[PDB]
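We've got the same protein chain twice here, in two forms, each standing alone as structure tokens: structure 1 and structure 2.
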Structure 1
């Protein structure tokens, strides 16, 4: 029986730029040979994430990891993501009680989401 999530691993080109992304946006906590595949582990809210050198290097897709946030800090988060100059999907016009998410990319084509409110998939607003 599956006992829990063990980790997620992502391949990026540049571990320092991805480190900056994970620390600035998610307050990722970094835990820790001449390798060509250098790597790093972080914890973000109970999740172990490995970043390892490789190729950014795919296509963009709608696959994504969503992290939960409070509704009250959606605007703050949006401003930090905007500070990294990464690609964001502009938030659309919204009605009251419509739960908010932010969709945006890292430097290697991965799509992330910060999700507040009721669990659901919101990509179809874009």
Structure 2
């Protein structure tokens, strides 16, 4: 059986610029630096994230990872995002029981979500 999540790997054109983005917004903790290729490992809220430098670029889509935050934190995270001038999506339509979320991109078409809801709340079906 699957024990759980091992890690998430992302490809970016500029590793040092992405590093700063991760360290600033997600308080990412760099735990490794290159090797087969140029890469860095970060710990983000317990999750092992791998960033590799490459010219590969996925077209933008709703395929994304979302991190858990608290409702009372949506505004502060919003100010933080605006400050770095990163691109933010507008309010997405949602149903009752679906908490607030903010969406923004990195520099390589990676959509990230900060969700203030709980799976339990969305199970009023």
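Numbering follows the first chain given and starts at 1. Heads up, when I say rigid core I mean the largest set of C-alphas that superpose within 1.5 Å between the two forms.
After superposing the rigid core, the Cα of residue 75 is displaced by less than 2 Å between the two structures. With the core held fixed, residue 60 shows a CA shift below 2 Å between the two structures.
At residue 92, the distance the Cα travels between the two structures is 6.1 Å after the core is superposed. Core-superposed comparison between the two structures: residue 120 shows a Cα shift of 9.1 Å.
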